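Structural overview
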Amino acid sequence: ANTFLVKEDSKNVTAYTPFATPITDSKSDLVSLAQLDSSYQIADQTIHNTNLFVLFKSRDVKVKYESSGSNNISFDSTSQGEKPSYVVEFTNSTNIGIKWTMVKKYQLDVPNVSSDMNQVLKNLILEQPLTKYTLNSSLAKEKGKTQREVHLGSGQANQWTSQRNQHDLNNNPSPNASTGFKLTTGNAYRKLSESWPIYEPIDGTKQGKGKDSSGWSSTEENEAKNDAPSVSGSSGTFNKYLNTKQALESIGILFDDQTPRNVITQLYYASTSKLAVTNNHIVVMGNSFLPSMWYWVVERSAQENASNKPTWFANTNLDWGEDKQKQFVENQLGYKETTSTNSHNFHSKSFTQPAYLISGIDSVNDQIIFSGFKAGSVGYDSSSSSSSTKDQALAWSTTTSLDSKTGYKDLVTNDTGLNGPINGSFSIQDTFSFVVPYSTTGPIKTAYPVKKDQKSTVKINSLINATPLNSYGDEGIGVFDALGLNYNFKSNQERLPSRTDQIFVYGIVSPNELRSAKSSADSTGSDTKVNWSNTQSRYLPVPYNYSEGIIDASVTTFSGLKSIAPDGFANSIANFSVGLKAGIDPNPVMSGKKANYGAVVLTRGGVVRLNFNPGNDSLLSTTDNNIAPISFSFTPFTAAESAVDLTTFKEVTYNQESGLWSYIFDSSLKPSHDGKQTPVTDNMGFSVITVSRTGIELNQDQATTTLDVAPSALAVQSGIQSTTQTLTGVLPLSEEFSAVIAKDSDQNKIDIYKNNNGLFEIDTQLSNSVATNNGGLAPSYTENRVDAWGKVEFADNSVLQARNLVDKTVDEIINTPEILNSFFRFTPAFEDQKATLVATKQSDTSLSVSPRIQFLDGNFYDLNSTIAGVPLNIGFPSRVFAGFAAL
Ligand SMILES: CC(=O)N[C@H]1[C@H]([C@H](O)[C@H](O)CO)O[C@@](OC[C@H]2O[C@@H](O[C@H]3[C@H](O)[C@@H](O)[C@H](O)O[C@@H]3CO)[C@H](O)[C@@H](O)[C@H]2O)(C(=O)O)C[C@@H]1O
Ligand SMILES: [K+]
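- As recorded in the entry header, the structure was determined using X-ray crystallography to a resolution of 2.52 Å.

**Overview of the site of ligand 1**
- With respect to spatial proximity, the complete set of residues near ligand 1 consists of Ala-157, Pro-173, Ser-174, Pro-175, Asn-176, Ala-177, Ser-425, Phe-426 and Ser-427.
- Between ligand 1 and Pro-173, the relevant distance is 2.8 Å, taken from an oxygen atom to a main-chain nitrogen or oxygen of the residue.
- At a separation of 3.0 Å, an oxygen atom of ligand 1 approaches a polar backbone atom of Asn-176.
- Taken by itself ligand 1 offers 780 Å² of open surface, and the protein chains cover 46% of this.
- Looking at side-chain class alone, the shell around ligand 1 contains five nonpolar, four polar and no charged residues.

**Details of the pairing of strand β40 (residues 660-666)**
- In terms of burial, β40 is largely enclosed, as seven of its seven residues are buried.
- Alternating positions in β40 separate into two faces, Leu-660, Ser-662, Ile-664 and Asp-666 on one and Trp-661, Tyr-663 and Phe-665 on the other, with burial throughout.
- In the sheet, strand β39 (residues 649-655) pairs with β40 via six bridges, with the strands oriented antiparallel. Its bridge partner being in β40, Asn-655 is matched across the sheet by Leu-660.

**Re the environment of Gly-69**
- Position of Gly-69 relative to the elements: it lies in the loop between β6 (63-65) and β7 (73-75).
- With relative accessibility at 65%, the residue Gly-69 sits in the exposed group.
- Along the sequence, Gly-69 and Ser-115 sit 46 residues apart, while their C-alpha atoms lie 9.5 Å from each other.

**Examining the nonpolar core**
- One finds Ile-73, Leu-121, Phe-346 and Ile-369 to be the most contacted residues of the largest nonpolar core, which totals 73 residues.
- Ranked by the residues each element gives to this core, the list is headed by helix α9 (residues 263-271), at six residues.
- When residues no more than four places from it in sequence are discounted, the contact partners of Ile-369 are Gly-360, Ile-361, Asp-362, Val-364, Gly-507, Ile-508, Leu-580, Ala-582, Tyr-597, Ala-599, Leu-610 and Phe-612.
- Ranked by size, the runner-up nonpolar core spans 64 residues in total, among them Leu-52, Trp-100, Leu-777 and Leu-847.

**Looking at the packing of aromatic side chains**
- Applying the stated criterion to the full structure yields 37 aromatic pairs.
- Plain terms: the ring middles of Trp-294 and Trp-312 are 5.3 Å apart, the flat faces sit at 85° to each other, and that makes the pair edge-to-face. Taken together, the residues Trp-294 in strand β19 (residues 294-299) and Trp-312 in strand β20 (residues 310-312) connect sequence positions 18 residues apart. In this structure, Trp-294 and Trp-312 share a single accessibility class: buried.
- Ring geometry for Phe-370 and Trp-532: centres 5.6 Å apart, planes at 55°, overall tilted. The pair formed by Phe-370 and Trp-532 is uniform in burial state, with each residue classed as buried.
- Geometry around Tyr-269 places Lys-57 over its ring, the cationic atom sitting 4.5 Å from the centre.
- Directly above the ring of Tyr-133 sits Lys-132, whose terminal nitrogen or CZ lies 6.0 Å from the centroid.

**Overview of the sheet that holds strand β8 (residues 85-92)**
- Spatially, the four strands line up as an open sheet ordered β4-β5-β8-β9, and their pairing is antiparallel. The sheet is open, and its two borders are formed by β4 (40-48) and β9 (100-108), each paired with just one other strand. On average, each strand axis in the sheet is tilted by 25° relative to the strand beside it, whichever way the strands run.
- When β4 meets strand β5 (residues 51-58), the two strands line up antiparallel, connected through eight bridges. Among the inter-strand pairings, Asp-44 is bridged to a residue of β5, identified as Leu-55.
- Where α9 meets the sheet, it contacts β4, β5, β8 and β9, and its direction lies at approximately 165° from that of β5.

**Details of the domain arrangement of the protein chain**
- Taken domain by domain, the protein chain consists of domain 1 (4-773) and domain 2 (781-886).
- Taken together, the contacts link 17 residues of domain 1 with 16 residues of domain 2.
- When the two sides are added together, the surface that domain 1 and domain 2 hide from each other amounts to roughly 1,300 Å², 75% of it contributed by carbon and sulfur.
- For the pair domain 1 and domain 2, the interface holds zero salt bridges.
- Mapped onto the side of domain 1 that touches domain 2, the elements with two or more residues apiece are β43 (726-734), β45 (748-756) and α15 (764-771).
- Per element, the largest residue contribution to the side of domain 1 that touches domain 2 is three residues, and it comes from α15.
- Its residues placed into classes, the side of domain 1 that touches domain 2 shows 10 nonpolar, five polar and two charged.

Thresholds applied
- Residues numbered from 1 in each chain as written, not as in the entry; some residues may be left out.
- Chains lettered and ligands numbered in written order.
- Heavy atoms only, no water.
- Near = heavy atom within 4 Å.
- Polar contact = N/O pair within 3.5 Å; in protein donor to acceptor, adjacent residues only side chain to side chain.
- Areas by Shrake-Rupley, 256 points an atom, 1.4 Å probe, with all protein chains shown as cover.
- Nonpolar A, V, L, I, M, F, W, Y, C, P; charged D, E, K, R; others polar.
- Buried < 20%, exposed > 50% of the residue type's maximum accessible area, 1.4 Å probe, protein only.
- Helix = DSSP H or I, 4+ residues; strand = E, 2+ residues; numbered from the N terminus.
- Pairing = 2+ DSSP bridges.
- Core = buried A, V, L, I, M, F, W, Y, C linked by side-chain atoms within 4.5 Å.
- Contact = heavy atoms within 4.5 Å.
- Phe/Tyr/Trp six-rings, centres within 6.5 Å; stacked < 30°, edge-to-face > 60°.
- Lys NZ or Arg CZ within 6 Å of the ring centre and 35° of its normal.
- Axes fitted to C-alpha atoms, helices over the stretch in contact; angles between N-to-C directions.
- Domains from an automatic or database assignment.
- Buried area = accessible area lost by both parts, 1.4 Å probe.
- Salt bridge = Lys/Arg side-chain N within 4 Å of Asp/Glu carboxyl O.

Here's what the structure looks like:
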């Protein structure tokens with residue numbers, strides 16, 4: 001396909017030429033063609049072996065959770081909300097133009113729910129989604145009980161050293177480590193069958209009801225409503241609560257009037273957001289906005305009218321780099337015991353990390369690459385009656401101690417915080433630190449903050465956060481954990497990682513691995529499990545310089561942390577990621593080695609490079625465990641890339657010739673209204689970020705079979721941007737040129753941006769040259785003008801006599817392209833634009849010539865050129881030369 005597909009709206013894809021002109025009749029309502037109703041919209045699409053694969057989801061979708069029976073998750077048949085999301089394969093049926101016709105249609109059904117699963121789901125509770133307008137102080141939650149309150153009680157740390165052996169806390173120096181955060185105030189937590197609110201607290205430390213469902217709706221909901229009334233063109237004070245309803249609609253939250261639908265519905269609707277296609281499979285994953293708890297492996301062989309089943313992430317073991325890193329995450333999921341009763345969580349029923357904030361998903365060769373953020377999941381005491389941690393989440397910093405032998409392996413396998421709290425505040429000599437200074441009677445013991453006495457009678461259930469933080473507790477370690485600010489005091493000051501907060505996750509998934517997942521999802525009766533063994537994790541905090549005025553040298557915590565966040569988020573503590581995309585390096589590799597491929601993904605403050613070994617389709621590793629897993633590299637943004645609003649991401653393309661990724665941001669995606677219900681007026685324009693590879697890539701020469709330095713990427717705000725125009729599309733014609741299609745008012749306009757030593761600037765003469773197509777598919781040709789086709793002046797016929805070429809025959813001349821380059825002088829419109837003459841015999845004594853000229857995309861066009869089989873009829877001239885001999 002010599003074309004570019006452009007999504008004109010939620011239903012229509014039009015095919016464009018390299019001349020930024022639509023192919024006539026190509027524009028197609030893919031929803032209508034999928035025989036889907038007018039409630040469906042395109043979520044994502046992809047080309048695989050020249051066919052178009054489309055993910056559609058419905059605004060009418062209604063899902064339910066009934067904790068009893070056991071077909072617990074189902075669609076709501078009553079009314080009209082039985083509207084599952086579909087993937088559809090389209091093929092181009094015509095060889096002239098574009099007639100999309102439907103090939104295969106796959107329904108994405110709701111997860112099976114095992115008995116073991118439904119016992120966790122019964123009491124599963126989920127945080128209200130983070131938005132544009134969520135503040136550091138909105139997230140912040142009331143600090144829970146200390147380790148030594150949980151265990152010994154109201155009473156003393158004079159007995160902390162007499163007692164800590166009788167609660168398996170031997171040598172624990174942290175009686176005032178936090179056991180977590182209160183669910184009586186803050187961001188709303190809700191079961192699968194409940195609805196999140198449109199109101200977010202400004203200070204969640206004071207203003208939320210947390211998981212207090214019943215309390216919200218009889219007390220605090222009327223307060224929120226009177227303080228933060230929806231617009232009605234009202235206006236109020238927004239002293240205690242933002243109103244984010246439109247910001248909510250924006251990120252794909254659905255609504256019956258002013259009330260969001262249940263959590264399970266928003267989970268399903270988000271879950272069907274991104275797609276990727278291999279020879280054998282379609283895989284479907286969720287967006288960067290809500291946590292997703294399941295993904296689809298559809299077998300492309302699937303019979304026509306089947307119901308493809310999603311695999312739970314709680315049933316999907318990843319390799320987090322080392323077993324310890326898994327344990328860290330699983331230990332903090334909840335309390336495990338043979339001794340307790342009805343106390344069910346993901347950990348107690350032997351599930352793993354249940355939820356990811358997925359960056360996106362792609363295919364290279366027959367491989368699925370994904371990445372994303374570990375969505376915080378912890379236990380919470382849902383007990384009723386004198387339970388000390390009642391209504392409290394059970395969470396702790398897991399950040400590596402100061403004394404930890406440096407080198408990555410050691411850092412991420414440090415025993416610090418493994419089974420319970422250890423971190424808070426420490427004044428050694430006079431050198432403050434939040435992190436334990438060492439990790440002597442014997443070695444330091446950590447324990448899960450559920451006191452031995454209540455071990456039988458306690459009720460620890462699972463929750464999921466809206467973000468990559470486990471721990472919302474309004475203490476100083478929380479800020480430092482979230483911002484990447486904990487450092488050792490050694491002769492290098494390597495930064496001390498968490499293994500529960502701000503954890504990024506990526507991998508490459510083989511077709512056998514996707515085969516288990518399909519097996520997990522079809523499993524009769526009990527939960528079948530999947531190992532994905534080509535994965536890694538990484539501590540990836542938000543950058544500290546996206547905040548101000550942090551104290552060191554009244555410690556600053558979440559309720560008081562100041563955000564200066566330039567990337568379109570109020571908050572400066574919760575990381576985000578978007579637009580994972582893979583691509584084959586075009587740069588030759590040494591023969592008998594296979595082509596290189598990577599991927600990249602945007603996170604707050606930087607681009608991440610994932611690196612692969614094409615040999616056995618593995619993550620790049622190196623021998624040393626000192627250097628850190630060489631599958632991952634982080635290149636921080638400058639001012640210019642940091643300024644881009646990441647919540648406006650529209651689409652990411654990769655071009656195999658340039659070896660370059662294009663990230664398109666469209667500001668029309670911004671919500672209509674603020675959290676204070678103020679019309680949003682910077683909703684005009686768009687921006688392009690260009691990512692390239694940097695470093696020494698695998699398999700250049702004998703030296704680059706071995707690598708001990710991870711290849712990386714570089715994101716550059718390219719110069720292609722606007723605060724004025726409405727974007728239709730950006731066509732990356734070549735490294736040297738991009739075409740932008742936009743409306744100033746309401747008609748489409750073509751700008752050409754020219755790369756000038758790395759910075760793209762508009763070329764107004766070339767823009768006018770390209771845009772002057774006169775209704776044709778391609779720019780006009782004018783004899784007397786340097787236009788998009790440069791300028792061609794033919795020699796006079798009198799050159800034959802002068803140069804004694806009359807003694808040459810037509811066949812001689814016609815097979816001597818260097819002679820017939822001497823029949824014209826060419827003036828390029830852009831540097832190194834090229835042109836040749838095609839010759840045609842006309843008589844025994846004469847021929848004609850007609851220029852073949854490169855356009856902006858590096859391709860040659862002539863009289864016979866087509867796009868999508870349609871002759872362009874550009875209008876190149878023909879020129880007779882005559883007086884040559886017959887021999
Ligand atoms: C996470 C935690 O609990 N941190 C505390 C910390 C640790 O116990 C040690 O750092 C581990 O080696 O100690 C801090 O206190 C040092 C000073 O504390 C004084 O005791 C306080 C303390 O708060 C209580 O735990 C104690 O039982 O009684 C006192 C309360 O009135 C020492 O007696 C004093 O001489 C100091 O050495 C610390 O900052 O390092 C306090 C941390 O909360
Ligand atoms: K011309």
